[PDB]
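Have a look at the structure below before the remarks.
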Amino acid sequence: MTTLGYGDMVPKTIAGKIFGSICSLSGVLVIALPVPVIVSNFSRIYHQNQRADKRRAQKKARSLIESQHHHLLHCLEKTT
Amino acid sequence: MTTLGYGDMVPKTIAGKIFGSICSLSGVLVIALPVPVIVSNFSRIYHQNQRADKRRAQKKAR
Amino acid sequence: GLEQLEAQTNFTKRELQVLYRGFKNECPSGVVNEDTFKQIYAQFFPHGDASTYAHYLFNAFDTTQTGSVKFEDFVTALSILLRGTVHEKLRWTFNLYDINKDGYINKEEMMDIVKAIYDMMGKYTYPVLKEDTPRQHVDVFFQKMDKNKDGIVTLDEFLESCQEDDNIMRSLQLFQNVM
Amino acid sequence: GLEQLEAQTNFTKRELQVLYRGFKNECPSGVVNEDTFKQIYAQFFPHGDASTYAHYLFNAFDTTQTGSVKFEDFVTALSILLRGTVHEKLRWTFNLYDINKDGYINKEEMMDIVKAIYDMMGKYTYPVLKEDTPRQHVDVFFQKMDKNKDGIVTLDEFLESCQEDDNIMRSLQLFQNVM
Amino acid sequence: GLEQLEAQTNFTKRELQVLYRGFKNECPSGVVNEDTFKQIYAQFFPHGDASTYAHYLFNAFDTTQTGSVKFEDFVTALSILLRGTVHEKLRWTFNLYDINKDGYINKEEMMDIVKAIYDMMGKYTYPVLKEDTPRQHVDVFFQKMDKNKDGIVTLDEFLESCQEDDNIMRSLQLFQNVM
Amino acid sequence: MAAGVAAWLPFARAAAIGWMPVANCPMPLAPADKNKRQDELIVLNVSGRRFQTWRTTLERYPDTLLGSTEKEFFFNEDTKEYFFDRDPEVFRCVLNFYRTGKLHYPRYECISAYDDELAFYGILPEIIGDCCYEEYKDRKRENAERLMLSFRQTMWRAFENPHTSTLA
Amino acid sequence: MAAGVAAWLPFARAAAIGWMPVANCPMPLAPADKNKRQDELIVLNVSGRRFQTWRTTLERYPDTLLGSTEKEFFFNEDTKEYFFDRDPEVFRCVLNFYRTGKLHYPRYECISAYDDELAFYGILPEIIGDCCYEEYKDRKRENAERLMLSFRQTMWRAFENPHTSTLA
């Protein structure tokens with residue numbers, strides 16, 4: 001089922017051969033179900049962390065009103 | 001781990017068989033991590049150069 | 001309702017629109033909670049801490065005992081503090097000073113307010129800094145504010161000394177024309 | 001056409017626009033079928049069943065024998081039921097009661113309508129519930145509605161008792177002013 | 001400011017809007033640098049080189065010594081060159097000719113300007129081409145422009161011969177009406 | 001007759017007349033008549049762009065801004081136009097909520113802009129029509145993600161990030 | 001009272017009154033009063049399409065075009081309307097920057113068109129809100145990419161491209 005085929009045990013009937021030939025394809029099919037999602041999520045998490053580090057680095061990159069505003073600040077130095 | 005299986009050395013215990021069966025799947029898993037990105041970037045660079053040549057040719061139209 | 005509120009506060013109609021817009025534009029009228037005062041005030045006082053003082057007039061503005069009151073009860077106190085009567089402004093500030101909400105200010109109690117302002121002053125005092133001097137600045141209060149000479153002050157006992165200090169009756173009337 | 005219809009119904013122009021809009025807004029004028037009555041009516045009668053009664057005035061509104069008539073023949077009956085003449089409203093309701101479409105109401109026939117209203121009443125009757133009482137409420141009908149004293153009623157035999165019951169000639173005229 | 005600039009240059013208001021639009025539309029007012037002159041001018045002189053001459057009035061326009069001056073100091077020289085006074089236009093052109101920025105034009109110095117124009121002429125001169133003739137076209141200059149007969153010219157020594165050549169005082173006034 | 005929210009109530013008022021003959025009860029209840037006045041085009045003027053709608057469209061949802069009586073802080077009676085200084089490409093979806101009843105999501109709005117418009121107008125994002133609901137959630141999650149002592153503890157701080165100092 | 005940028009300053013002016021009793025200092029500073037006048041709807045007329053906004057919205061960022069005093073080269077006092085001969089689908093995002101404070105990116109603009117509008121109005125692309133920032137960078141990179149002697153050197157020129165001549 002895993003397409004190793006050591007060769008230590010091989011069928012020698014005319015029915016065993018049929019069922020082994022079916023078995024190999026069935027293994028190729030069954031095992032090829034996770035390897036899509038697993039590699040997809042590996043890529044997914046790695047690119048997520050990549051954009052995470054670059055986002056943090058981009059973060060590490062980073063009058064008639066002042067009269068009225070500083071008037072308060074003056075008005076606070078009433079304390080001494 | 002690479003699914004060759006020459007057959008020159010094969011386990012003959014009842015524990016060695018278990019660990020070999022696990023080993024083969026583990027190899028299929030571990031090696032199938034680069035072959036997504038490598039083939040993706042091969043296709044990527046080839047299509048990039050393809051649109052590059054066609055862009056230069058469209059410039060040679062003008 | 002804009003009209004039910006115009007006939008309570010001293011503002012006009014236009015000056016109620018012009019600040020409902022400003023209020024709602026920054027907090028889309030859930031209602032302001034402390035976490036909005038402690039930063040709306042703080043953007044006016046850099047080089048200093050504004051949280052611990054804001055945490056007293058937040059309790060003052062809030063007539064009810066919710067954790068966030070309203071807009072109507074916000075402008076209802078803005079109108080008083082700016083264009084209200086001196087005898088009403090003084091009552092409002094008094095309710096701010098009465099930290100135990102009961103009707104009595106203790107020397108250390110209002111010390112809790114002065115240790116907040118002086119905290120808002122800055123990291124380093126411009127002249128020499130003295131930690132016992134917030135201890136006189138409070139007691140120099142009572143020197144006028146206590147016609148009992150006991151060390152405890154109530155609303156009448158707070159006002160009956162605060163109506164002749166001409167300088168504040170001219171600085172309790174600073175902004176009542178600017179707009 | 002708005003004008004071919006204004007000169008038939010009692011509504012004005014504005015009140016025909018104002019309800020073509022409402023009609024079309026919920027059913028984009030395919031035409032109403034029962035599956036639209038049984039829910040447009042039912043949204044007015046919670047705590048009750050509205051389907052089995054709606055399934056009689058659906059057959060009433062529908063002058064032709066289609067499965068969904070129109071808008072023109074919808075307002076043509078709205079205008080009658082609201083602002084029509086009493087002698088016309090009564091005929092309309094009569095055509096509703098005549099379930100066998102022939103011109104005769106049997107005691108059990110109109111019982112089929114009263115067992116529909118009382119069904120629309122609710123799950124539990126507010127006072128005591130009695131299943132034989134829909135059996136008197138129908139017969140108390142004939143006590144006026146039968147000048148033959150036979151137990152069968154036709155249009156003249158239905159009206160000639162229904163023009164002096166002042167209370168309905170004031171409740172056949174409830175909505176003819178509200179809008 | 002549009003008004004602080006109207007009262008300096010000879011243009012009107014409308015003719016200042018109509019060219020701020022044009023200026024800003026191609027260079028969104030960073031400020032023009034040489035790499036913009038050498039192509040804005042060059043689009044007017046095909047079949048020729050416009051860079052090496054543009055690289056003198058770029059230094060002329062630029063009153064300060066930046067690498068890109070402004071818009072205000074752009075129209076301040078446009079207004080002079082088009083609708084300014086002859087005694088001011090002549091001074092401006094003189095400041096263009098004075099390559100060493102000091103106040104003196106040498107025969108080979110202004111030769112550096114004439115070898116630029118004649119370069120702008122084209123690849124092949126329409127009549128016979130002679131490289132010693134830019135050498136007379138400069139000296140024929142001094143034949144008028146030198147009331148000292150020494151071979152060195154200053155602003156007064158440049159103008160005091162350039163005010164009677166009627167043809168230029170009619171071609172120093174070509175565009176002062178077109179717009 | 002009446003429009004907007006009470007738009008089908010004439011139909012039920014008409015159907016009611018099916019009862020009056022069999023209604024042996026003495027009297028009915030006199031109706032609920034009160035003051036009357038027609039519909040009118042309210043003129044919303046969202047940042048220069050003018051939207052218009054029947055008032056009875058606006059008052060179908062009365063715990064909101066446009067529906068309640070607190071859109072009177074935005075009335076400019078020198079012109080009789082409601083002027084909102086807001087975005088005019090997201091007031092469209094808000095308005096079509098009031099017309100039909102299902103709130104939508106345009107594929108291409110910066111989800112932050114959409115959320116705070118909904119906040120300002122009173123609408124809740126809970127009520128988004130299901131036709132376009134989960135793509136709102138996709139944008140939501142992607143946006144959220146995009147947003148996401150002397151000595152005895154200095155050793156701790158240095159360990160879990162060797163790139164703090166050189167000793168680590 | 002005041003609006004726009006100084007919109008919360010009444011709140012601080014009010015809070016200040018908490019000091020006046022305990023303010024033993026002799027005098028305060030008299031206020032900063034000066035000329036006064038109300039807000040008004042500035043009428044931007046971007047290529048036929050009319051936008052409107054309170055003037056105090058425009059003057060929140062004064063190192064720009066619309067905020068500074070050099071949007072007076074675009075005033076058309078025969079009408080009292082600012083007429084810009086620019087694009088009317090990217091002035092929307094520019095304007096919503098002035099309203100809120102975060103500049104956005106519509107998913108579907110030809111990034112060249114967006115960049116040069118930002119250039120013309122004074123805005124810098126640095127300031128784009130993070131909610132929609134890196135898709136701007138994706139479009140940026142893709143667009144950039146889309147944009148991207150006798151004898152002794154003639155041998156060099158012919159070698160590295162055999163398709164120059166036939167001898168190579």
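As shown in the structure tokens, the chain order sets the letters A, B, ...; within each chain, residues go from 1, and ligands are also counted from 1 in the order they appear.
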
### Residues within 10 Å of range 134-147 of chain F, only C-alpha atoms, excluding chain neighbours under 2 positions, as an NGL selection string
(:A and (48 or 51-52 or 55)) or (:F and (104-112 or 114-115 or 125 or 128-132)) or (:G and (130-134))

What are the coordinates of chain F as a CSV table (one decimal) with C-alpha atoms, in the first residue's frame following a least-squares fit to chain G on all in-order C-alpha atoms?
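What ended up in selection10.csv:
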```
chain,number,residue,atom,x,y,z
F,1,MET,CA,-18.4,76.0,20.4
F,2,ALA,CA,-15.4,75.1,18.2
F,3,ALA,CA,-15.6,72.1,15.9
F,4,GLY,CA,-13.4,69.8,13.9
F,5,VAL,CA,-9.8,69.6,15.3
F,6,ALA,CA,-10.5,71.5,18.4
F,7,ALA,CA,-13.8,69.7,19.0
F,8,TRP,CA,-13.0,68.2,22.4
F,9,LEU,CA,-11.4,71.3,23.8
F,10,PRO,CA,-14.6,72.5,25.4
F,11,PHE,CA,-14.4,69.3,27.5
F,12,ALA,CA,-11.0,70.2,28.7
F,13,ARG,CA,-12.0,73.9,29.2
F,14,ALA,CA,-14.7,72.5,31.4
F,15,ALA,CA,-12.6,70.1,33.4
F,16,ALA,CA,-10.2,73.0,34.0
F,17,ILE,CA,-12.7,74.5,36.4
F,18,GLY,CA,-11.9,71.7,38.8
F,19,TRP,CA,-8.8,73.7,39.7
F,20,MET,CA,-10.0,77.2,40.3
F,21,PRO,CA,-10.9,76.8,44.0
F,22,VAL,CA,-7.6,75.1,45.0
F,23,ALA,CA,-5.8,77.4,42.7
F,24,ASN,CA,-4.2,79.6,45.3
F,25,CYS,CA,-2.0,81.4,42.6
F,26,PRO,CA,-3.0,85.0,42.2
F,27,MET,CA,-4.3,85.1,38.7
F,28,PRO,CA,-5.0,82.9,35.7
F,29,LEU,CA,-4.0,83.5,32.2
F,30,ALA,CA,-6.7,85.4,30.3
F,31,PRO,CA,-8.0,83.1,27.5
F,32,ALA,CA,-6.9,83.1,23.8
F,33,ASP,CA,-10.0,84.7,22.4
F,34,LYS,CA,-9.9,86.1,18.8
F,35,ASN,CA,-12.2,86.6,15.8
F,36,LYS,CA,-15.0,84.1,15.6
F,37,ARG,CA,-17.1,82.7,12.8
F,38,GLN,CA,-19.2,79.6,12.2
F,39,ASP,CA,-18.7,76.5,10.1
F,40,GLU,CA,-19.8,76.4,6.5
F,41,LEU,CA,-20.2,73.8,3.8
F,42,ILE,CA,-17.2,74.0,1.5
F,43,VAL,CA,-18.4,72.8,-1.9
F,44,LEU,CA,-15.8,70.8,-3.7
F,45,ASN,CA,-16.8,70.2,-7.3
F,46,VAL,CA,-14.6,67.4,-8.5
F,47,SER,CA,-15.2,66.9,-12.2
F,48,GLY,CA,-18.8,67.7,-12.1
F,49,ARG,CA,-19.5,65.5,-9.1
F,50,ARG,CA,-20.1,67.7,-6.1
F,51,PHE,CA,-18.7,66.8,-2.7
F,52,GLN,CA,-19.4,68.8,0.4
F,53,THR,CA,-17.8,69.1,3.8
F,54,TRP,CA,-17.5,71.3,6.8
F,55,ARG,CA,-14.5,73.6,6.5
F,56,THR,CA,-13.2,72.5,9.8
F,57,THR,CA,-13.1,69.0,8.4
F,58,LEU,CA,-10.7,70.2,5.7
F,59,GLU,CA,-8.4,72.0,8.0
F,60,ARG,CA,-7.4,69.1,10.1
F,61,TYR,CA,-4.3,68.4,8.0
F,62,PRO,CA,-2.6,71.6,6.9
F,63,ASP,CA,0.5,70.4,5.1
F,64,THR,CA,-1.7,69.2,2.2
F,65,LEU,CA,-3.5,70.7,-0.8
F,66,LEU,CA,-7.1,70.7,0.4
F,67,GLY,CA,-6.1,71.7,3.9
F,68,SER,CA,-3.6,74.5,3.2
F,69,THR,CA,-4.2,77.8,1.5
F,70,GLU,CA,-3.1,76.7,-1.9
F,71,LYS,CA,-6.4,75.2,-2.8
F,72,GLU,CA,-7.2,78.8,-3.7
F,73,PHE,CA,-5.7,78.3,-7.1
F,74,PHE,CA,-8.7,76.2,-7.9
F,75,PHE,CA,-11.4,78.6,-6.7
F,76,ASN,CA,-13.9,79.7,-9.3
F,77,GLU,CA,-15.4,82.7,-7.7
F,78,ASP,CA,-17.9,83.1,-10.5
F,79,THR,CA,-19.6,80.2,-8.7
F,80,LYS,CA,-17.9,79.9,-5.3
F,81,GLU,CA,-17.1,76.3,-5.9
F,82,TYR,CA,-13.7,74.6,-6.0
F,83,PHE,CA,-13.4,72.9,-9.3
F,84,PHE,CA,-10.8,70.2,-9.7
F,85,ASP,CA,-10.4,68.7,-13.1
F,86,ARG,CA,-9.4,65.3,-11.5
F,87,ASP,CA,-10.8,61.9,-11.0
F,88,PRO,CA,-14.1,61.7,-9.0
F,89,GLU,CA,-13.7,58.1,-7.8
F,90,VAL,CA,-10.4,58.6,-5.9
F,91,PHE,CA,-11.3,62.0,-4.4
F,92,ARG,CA,-13.7,60.0,-2.3
F,93,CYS,CA,-11.0,58.1,-0.5
F,94,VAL,CA,-8.9,61.2,-0.1
F,95,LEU,CA,-11.8,62.9,1.5
F,96,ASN,CA,-12.6,60.1,3.9
F,97,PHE,CA,-9.0,60.4,5.0
F,98,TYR,CA,-9.8,64.0,6.1
F,99,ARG,CA,-13.0,63.0,7.8
F,100,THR,CA,-11.8,60.0,9.9
F,101,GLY,CA,-8.0,60.0,9.8
F,102,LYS,CA,-7.2,56.7,8.1
F,103,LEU,CA,-6.6,56.5,4.3
F,104,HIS,CA,-8.1,53.5,2.5
F,105,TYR,CA,-7.6,51.6,-0.7
F,106,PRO,CA,-10.5,50.4,-2.9
F,107,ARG,CA,-9.8,46.8,-4.1
F,108,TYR,CA,-10.2,47.7,-7.7
F,109,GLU,CA,-8.3,50.9,-8.7
F,110,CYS,CA,-5.5,50.8,-11.2
F,111,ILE,CA,-2.7,51.4,-8.6
F,112,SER,CA,-1.1,53.9,-10.9
F,113,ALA,CA,-4.2,56.0,-10.8
F,114,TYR,CA,-4.3,55.8,-7.1
F,115,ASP,CA,-0.7,56.7,-6.6
F,116,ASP,CA,-0.8,59.8,-8.7
F,117,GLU,CA,-4.0,61.1,-7.2
F,118,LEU,CA,-2.3,60.8,-3.8
F,119,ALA,CA,0.6,62.6,-5.3
F,120,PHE,CA,-1.5,65.5,-6.6
F,121,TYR,CA,-3.5,66.1,-3.4
F,122,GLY,CA,-0.5,66.2,-1.1
F,123,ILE,CA,-1.2,62.9,0.7
F,124,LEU,CA,1.7,60.4,1.1
F,125,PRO,CA,1.2,56.7,0.5
F,126,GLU,CA,3.1,56.0,3.7
F,127,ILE,CA,0.1,56.9,5.8
F,128,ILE,CA,-2.3,54.3,4.4
F,129,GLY,CA,-4.3,52.7,7.2
F,130,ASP,CA,-3.1,49.3,8.2
F,131,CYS,CA,-6.5,47.7,7.7
F,132,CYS,CA,-5.9,48.0,3.9
F,133,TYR,CA,-2.1,48.4,3.6
F,134,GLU,CA,-0.4,45.2,2.4
F,135,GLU,CA,-2.8,44.6,-0.5
F,136,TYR,CA,-1.7,48.1,-1.6
F,137,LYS,CA,1.8,46.6,-1.5
F,138,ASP,CA,0.8,43.5,-3.5
F,139,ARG,CA,-0.6,45.7,-6.2
F,140,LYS,CA,2.5,47.9,-5.9
F,141,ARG,CA,4.9,45.1,-6.5
F,142,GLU,CA,2.9,43.5,-9.3
F,143,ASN,CA,2.6,46.8,-11.1
F,144,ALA,CA,6.3,47.6,-10.7
F,145,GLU,CA,7.2,44.2,-12.1
F,146,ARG,CA,4.7,44.7,-15.0
F,147,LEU,CA,6.6,47.9,-15.7
F,148,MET,CA,10.1,46.3,-15.5
F,149,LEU,CA,32.1,49.0,-29.7
F,150,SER,CA,33.1,48.5,-33.3
F,151,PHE,CA,34.6,45.0,-33.0
F,152,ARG,CA,36.1,44.2,-29.6
F,153,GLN,CA,32.8,44.6,-27.9
F,154,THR,CA,30.6,43.5,-30.8
F,155,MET,CA,31.8,40.0,-30.1
F,156,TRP,CA,30.7,40.4,-26.5
F,157,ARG,CA,27.3,41.7,-27.6
F,158,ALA,CA,26.8,38.8,-30.0
F,159,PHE,CA,27.8,36.1,-27.6
F,160,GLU,CA,25.4,36.6,-24.8
F,161,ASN,CA,22.6,36.6,-27.3
F,162,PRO,CA,23.2,34.3,-30.2
F,163,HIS,CA,19.9,35.6,-31.7
F,164,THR,CA,21.6,39.0,-32.5
F,165,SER,CA,23.3,37.9,-35.7
F,166,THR,CA,23.9,34.7,-37.7
F,167,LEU,CA,27.6,34.4,-36.9
F,168,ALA,CA,26.8,34.2,-33.2
```

#### Entry: DSSP alpha helix (DSSP H) selection over range 2-145 of chain G, as number ranges by chain
G: 9-16, 55-58, 91-99, 111-121, 134-145

### Polymer residues at most 6 Å from range 102-117 of chain E, only C-alpha atoms, same-chain spacing of 4 or more positions, as a count of residues only
6

#### Entry: chain E residues near chain G (10 Å cut-off, only C-alpha atoms) as a list in words
residues 1, 2, 3, 13, 14, 16, 17, 18, 19, 20, 21, 24, 25, 26, 27, 28, 29 and 30 of chain E

Please write the residues from the selection above to a file, keeping C-alpha atoms, as a PDB file, in the first residue's frame.
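Saved to selection02.pdb:
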```pdb
ATOM      1  CA  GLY E   1      -0.522  82.554  -1.813  1.00  0.00           C
ATOM      2  CA  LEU E   2      -2.421  83.457  -4.966  1.00  0.00           C
ATOM      3  CA  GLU E   3      -2.803  87.049  -3.816  1.00  0.00           C
ATOM      4  CA  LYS E  13      -5.614  86.193 -11.332  1.00  0.00           C
ATOM      5  CA  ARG E  14      -7.106  84.060 -14.103  1.00  0.00           C
ATOM      6  CA  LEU E  16      -2.202  82.527 -12.612  1.00  0.00           C
ATOM      7  CA  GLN E  17      -4.836  79.867 -12.082  1.00  0.00           C
ATOM      8  CA  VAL E  18      -4.629  78.789 -15.719  1.00  0.00           C
ATOM      9  CA  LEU E  19      -0.948  78.004 -15.407  1.00  0.00           C
ATOM     10  CA  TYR E  20      -0.771  76.699 -11.881  1.00  0.00           C
ATOM     11  CA  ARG E  21      -3.116  74.091 -13.265  1.00  0.00           C
ATOM     12  CA  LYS E  24       0.952  71.124 -11.357  1.00  0.00           C
ATOM     13  CA  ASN E  25      -0.659  68.795 -13.883  1.00  0.00           C
ATOM     14  CA  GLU E  26       2.663  67.499 -15.201  1.00  0.00           C
ATOM     15  CA  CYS E  27       4.877  67.800 -12.118  1.00  0.00           C
ATOM     16  CA  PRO E  28       2.595  67.537  -9.064  1.00  0.00           C
ATOM     17  CA  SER E  29       4.536  70.328  -7.412  1.00  0.00           C
ATOM     18  CA  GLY E  30       7.426  68.617  -5.945  1.00  0.00           C
TER      19      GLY E  30
END
```

#### Entry: Atomic distance CA of residue 38 in chain C - CA of residue 55 in chain C, expressed in Å with one decimal
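These two atoms are separated by 7.6 Å.
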
### Message
Under the rule that only C-alpha atoms are counted, which of C:157, C:164, C:146, C:119 is the nearest residue to chain A?
### Response
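Among the listed residues, the smallest separation from chain A belongs to C:119.
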
#### Entry: Surrounding residues of residue 44 in chain C excluding itself and chain neighbours under 4 positions, 10 Å, only C-alpha atoms, as a PyMOL selection string
(chain A and resi 69-70+72-73) or (chain C and resi 39-40+48+50) or (chain G and resi 8-9+12)

### Query
Could you list, as a list in words, every residue of chain B that has an atom within 10 Å of an atom of chain A, counting only C-alpha atoms?
residues 1, 2, 3, 4, 5, 6, 7, 8, 9, 10, 21, 24, 25, 28, 29, 30, 32, 33, 34, 35, 36 and 37 of chain B

### Query
Between C:9, C:163, C:59, C:148, which one has atoms that come closest to residue 87 in chain C, using only C-alpha atoms?
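Selected residue with least distance to residue 87 in chain C: C:163.
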
#### Entry: Point-to-point distance in Å for CA of residue 23 in chain E and CA of residue 5 in chain E
15.4 Å

### strand (DSSP E or B) call set, DSSP backbone run, range 70-152 of chain G, as a list in words
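Here are the strand (DSSP E or B) residues of range 70-152 of chain G: residues 75, 76, 81, 82, 83, 84, 103 and 128 of chain G.
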
### Query
Got a sec to pull out which chain C residues are within 9 Å of chain A, counting only C-alpha atoms, and send them as a ChimeraX atom specification?
/C:44-45,117-118,121,125-127

### Message
Using only C-alpha atoms, which protein or nucleic acid residues come within 9 Å of residue 60 in chain C? Drop anything in the same chain fewer than 2 positions from it, and give the result as number ranges by chain.
### Response
C: 55-58, 62-63, 92-93, 95-97

Could you save those same residues with N, CA and C atoms as an mmCIF file, in the first residue's frame?
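Wrote it out as out-v5.cif, contents follow:
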```
data_model
loop_
_atom_site.group_PDB
_atom_site.id
_atom_site.type_symbol
_atom_site.label_atom_id
_atom_site.label_comp_id
_atom_site.auth_asym_id
_atom_site.auth_seq_id
_atom_site.Cartn_x
_atom_site.Cartn_y
_atom_site.Cartn_z
ATOM 1 N N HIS C 55 -10.017 60.273 36.710
ATOM 2 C CA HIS C 55 -10.813 59.344 37.495
ATOM 3 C C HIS C 55 -11.503 59.994 38.678
ATOM 4 N N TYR C 56 -11.567 61.317 38.756
ATOM 5 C CA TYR C 56 -12.430 61.958 39.733
ATOM 6 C C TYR C 56 -13.547 62.736 39.069
ATOM 7 N N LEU C 57 -13.241 63.484 38.027
ATOM 8 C CA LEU C 57 -14.353 64.125 37.361
ATOM 9 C C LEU C 57 -15.115 63.167 36.468
ATOM 10 N N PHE C 58 -14.593 61.972 36.186
ATOM 11 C CA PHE C 58 -15.458 60.967 35.586
ATOM 12 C C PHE C 58 -16.555 60.593 36.558
ATOM 13 N N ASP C 62 -20.781 61.941 36.093
ATOM 14 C CA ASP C 62 -21.743 60.852 36.144
ATOM 15 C C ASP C 62 -22.724 61.023 37.296
ATOM 16 N N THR C 63 -23.836 61.720 37.052
ATOM 17 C CA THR C 63 -24.816 61.931 38.111
ATOM 18 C C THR C 63 -25.376 60.617 38.632
ATOM 19 N N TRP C 92 -20.943 72.329 41.833
ATOM 20 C CA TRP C 92 -20.456 71.216 41.024
ATOM 21 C C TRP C 92 -19.043 70.821 41.423
ATOM 22 N N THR C 93 -18.139 71.797 41.471
ATOM 23 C CA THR C 93 -16.775 71.507 41.894
ATOM 24 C C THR C 93 -16.770 70.888 43.277
ATOM 25 N N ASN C 95 -19.085 68.966 44.633
ATOM 26 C CA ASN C 95 -19.425 67.560 44.470
ATOM 27 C C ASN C 95 -18.265 66.777 43.884
ATOM 28 N N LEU C 96 -17.395 67.435 43.125
ATOM 29 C CA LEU C 96 -16.188 66.743 42.685
ATOM 30 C C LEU C 96 -15.253 66.484 43.852
ATOM 31 N N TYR C 97 -15.082 67.473 44.727
ATOM 32 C CA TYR C 97 -14.115 67.345 45.809
ATOM 33 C C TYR C 97 -14.561 66.334 46.854
#
```

Pull out every residue of chain A sitting within 7 Å of chain G, counting only C-alpha atoms, and send them as a compact mmCIF listing (two decimals) with N, CA, C and O atoms, in the first residue's frame.
```txt
# COMPACT_ATOMS: atom_id res chain seq x y z
N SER A 67 -2.51 78.38 20.66
CA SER A 67 -2.78 79.40 21.65
C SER A 67 -3.77 78.89 22.68
O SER A 67 -3.50 78.92 23.89
N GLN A 68 -4.92 78.38 22.22
CA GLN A 68 -5.94 77.87 23.13
C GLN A 68 -5.48 76.64 23.88
O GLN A 68 -5.87 76.42 25.03
N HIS A 71 -2.82 77.72 26.45
CA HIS A 71 -3.44 78.52 27.49
C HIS A 71 -3.78 77.67 28.70
O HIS A 71 -3.61 78.10 29.85
N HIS A 74 -0.40 76.95 30.54
CA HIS A 74 -0.17 78.11 31.40
C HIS A 74 -1.04 78.02 32.64
O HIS A 74 -0.55 78.09 33.77
N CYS A 75 -2.35 77.84 32.44
CA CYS A 75 -3.30 77.85 33.54
C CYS A 75 -3.06 76.73 34.54
O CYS A 75 -3.70 76.72 35.60
N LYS A 78 -0.43 77.74 37.52
CA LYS A 78 -0.88 78.38 38.74
C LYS A 78 -0.40 77.60 39.96
O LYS A 78 -0.14 78.20 41.01
N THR A 79 -0.27 76.29 39.84
CA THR A 79 0.48 75.51 40.81
C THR A 79 1.95 75.85 40.64
O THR A 79 2.39 76.21 39.55
```

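Separating CA of residue 86 in chain D from CA of residue 176 in chain D is a distance of 10.9 Å.
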